[PDB]
Structure formats: structure tokens, C-alpha cells
Amino acid sequence: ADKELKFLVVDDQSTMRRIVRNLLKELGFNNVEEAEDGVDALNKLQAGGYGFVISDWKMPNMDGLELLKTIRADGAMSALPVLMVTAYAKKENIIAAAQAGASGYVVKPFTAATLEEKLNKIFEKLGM
Ligand code: BEF
Ligand SMILES: [Mn+2]
């Protein structure tokens, strides 16, 4: 994928945002911004230019399933890649996120290799 691809990393825990941002840097992606919940995310997205969203689920103000649904329903951003990265591991959560249009889903805790693999799977699916 294009190394200038602009990522938005959304998680309500600063530790997890730092993990994901650092992993992206190792993969050669430095154009990375952060958000703390779905509302903060949407504000950043409105500003434009984003090419990929990595999102937590459990967050105050707007949770990540609502964020994913909002993105998918909005004409300006309906095709934005959204990778869910969450501690929710139950199949009903996986099903609800998949049905809502998630591009992929990673369960926390996750290894660097898992994040790379799942990002690549999405790049290949979308021809990026
Ligand atoms: F708080 Be997240 F869904 F891991
Ligand atoms: Mn959370």
C-alpha cells in the first residue's frame, strides 16, 4: 500500500493508540492521527484526507460499532476501510461488527504479526 496513506487510530486508552501508531510506523506508515472516541473520530474524518480507520469498540461518547455504522451510512466515507481492534471476543460481537461492514476484526491482546497480516488482508481485498 501507499506509504502516505493517512490512518486514523481510534481508542479510548492512550496505551493502545500508542501501540497501534508505533506498529504502523514500523510498517512504514507515518501519516497517522489519533482519536479518543467515535465523536472525536468523526470530527477528524470530516476534515478529510483519511484512507484507513483502525478502531476500538468500547469507548465513551460514541462506541466503535456506532462509529463503523456511521461511516458506512455516510456517502462521503462509506467505503473507508475500518479495521476493528477490540477486547470483545464473543461471536455475537464479531457477527454484529462484520454485518455492520467491518473490513477486518482483531481481538486484543494481539501480536505485531497479527496486525500486519490483517492489514495486508484488507489491502489485498481492496486492491490497495
Ligand atoms: F475497549 Be475495546 F473494545 F478493546
Ligand atoms: Mn476501549
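As recorded in the entry header, the structure was determined using X-ray crystallography to a resolution of 1.9400 Å.

Per the PDB entry, the protein chain is named Chemotaxis protein CheY, and its organism is Escherichia coli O157:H7.

Caption draft 1: Looking closely at the sheet that holds strand β4 (residues 82-86). Ordered in space as β2-β1-β3-β4-β5, the 5 strands form an open sheet in which the pairing is parallel. Of all the strands in the sheet, the pair left with one neighbour each is β2 (32-35) and β5 (104-107). Taking each pair of neighbouring strands and ignoring which way they run, the sheet shows an average axis angle of 20 degrees. Pairing between strand β1 (residues 7-10) and β2: 4 bridges, direction parallel.

Caption draft 2: Representation of the packing of aromatic side chains within the structure. Under the criterion given, the structure shown has 5 aromatic pairs. Pairing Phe7 with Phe29 gives two aromatic rings, centres 4.9 Å apart and planes at 55 degrees, and the pair type is tilted. With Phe7 in strand β1 and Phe29 in the loop between α1 (14-26) and β2, this pair connects stretches of sequence that are 22 residues apart. Judged on exposure class, the residue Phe7 and its partner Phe29 are both buried. Ring geometry for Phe29 versus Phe123: centroids 5.9 Å apart, planes at 55 degrees, classification tilted. Residue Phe29 is located in the loop between α1 and β2, and its partner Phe123 is located in helix α5 (residues 112-126); the two are separated by 94 residues in the primary sequence. Taken as a pair, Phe29 and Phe123 share a single burial class, namely buried. Put simply, the rings of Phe7, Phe29, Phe52 and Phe123 pair up and form one aromatic cluster. The ring of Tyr50 carries the charged tip of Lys6 above its face, separated from the ring centre by 4.4 Å.

Caption draft 3: Region of the structure containing the nonpolar core. Within the largest apolar cluster, 23 residues are counted, with the highest numbers of intra-cluster contacts made by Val10, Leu45, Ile71 and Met84. Of all the secondary structure elements, the ones that give two or more residues to this core are β1, α2 (38-46), α3 (64-73) and β4. When residues in this core are grouped by element, the largest group, 4 residues, is from α3. Leaving out residues up to four positions away in the same chain, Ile71 has contacts with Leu45, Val53, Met77, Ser78, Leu80 and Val82. Ranked by size, the runner-up nonpolar core spans 19 residues in total, among them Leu24, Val32, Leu83 and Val106.

Caption draft 4: Up close: the coordination of the manganese ion (ligand 2). Around the manganese ion (ligand 2), the protein contributes the donor atoms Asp12 (OD), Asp56 (OD) and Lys58 (O), which lie 2.1 to 2.2 Å from the metal centre. Of the residues examined, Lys58 reaches a relative accessible area of 60% and is grouped as exposed.

Caption draft 5: Examining the environment of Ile54 more closely. With respect to the helices and strands, the residue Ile54 is situated in strand β3 (residues 52-55). In this structure the C-alpha to C-alpha distance between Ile54 and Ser103, which are 49 residues apart in sequence, comes to 9.7 Å. Apart from the residues lying within four places of it in its own chain, the contact partners of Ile54 are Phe7, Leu8, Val9, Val10, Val20, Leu24, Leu83, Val85 and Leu119.

Caption draft 6: Representation of the side chain of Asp56 in the model. Locating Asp56 in the fold gives a position in the loop between β3 and α3. Residue class for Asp56 comes out buried when judged on its relative accessible area of 4%. Here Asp56 is in contact with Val10, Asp11, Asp12, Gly64, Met84, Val85, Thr86 and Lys108, once residues within four sequence places are set aside.

Reading guide: rules and limits
- Residues numbered from 1 in each chain as written, not as in the entry; some residues may be left out.
- Chains lettered and ligands numbered in written order.
- Heavy atoms only, no water.
- Pairing = 2+ DSSP bridges.
- Helix = DSSP H or I, 4+ residues; strand = E, 2+ residues; numbered from the N terminus.
- Axes fitted to C-alpha atoms, helices over the stretch in contact; angles between N-to-C directions.
- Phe/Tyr/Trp six-rings, centres within 6.5 Å; stacked < 30°, edge-to-face > 60°.
- Buried < 20%, exposed > 50% of the residue type's maximum accessible area, 1.4 Å probe, protein only.
- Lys NZ or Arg CZ within 6 Å of the ring centre and 35° of its normal.
- Core = buried A, V, L, I, M, F, W, Y, C linked by side-chain atoms within 4.5 Å.
- Contact = heavy atoms within 4.5 Å.
- Donors = N, O, S within 2.8 Å, 3.2 Å for Na, K, Ca; no water.

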